[PDB]
């Protein structure tokens, strides 16, 4: 399925620290963030996505249209400009953020009743799993 609609709660988060270091997020932000349960809420209508990731701490809103290149300024992440593009490879949703960091982006797919999110930067891969609330 390409339907990723839902309120998804984080079950697991592997190597978030390595990914965040590859991004140059400061040590203290990394230390808080690694401990936090995330909730990802995806509103998907055709090609249009509206995403909100929420935690007790900081939140990140990301909206995009599949197949439509978009500028991003990653404020209160690593504060960089990237050229982002989200497309489908079969039922994997693939984001590539072109810019200063090598191999930036994330692969979003679907397996059984879970959402899998694989965040990449440089040589680092962070693997997250979410279940519907």
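Positions refer to the first chain, counted from 1.
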**Request:** Mind pulling up the entry and telling me whether 33-41 or 51-59 has the higher mean Cα temperature factor?
**Result:** 51-59
**Per the PDB entry, maximal CA B factor within 110, 10, 119, 23** = 110
**Fill in**
On the chain's distribution of Cα B-factors, residue 27 falls within the third called highest
**Prompt:** Thinking about Cα B factors across the chain, which third does residue 104 belong to?
**Reply:** lowest
**Where the record places residue 69 (Cα B-factor, split into thirds across the chain)** = lowest
**Position of residue 128 among the chain's modelled residues by C-alpha B-factor, lowest, middle or highest third** = lowest
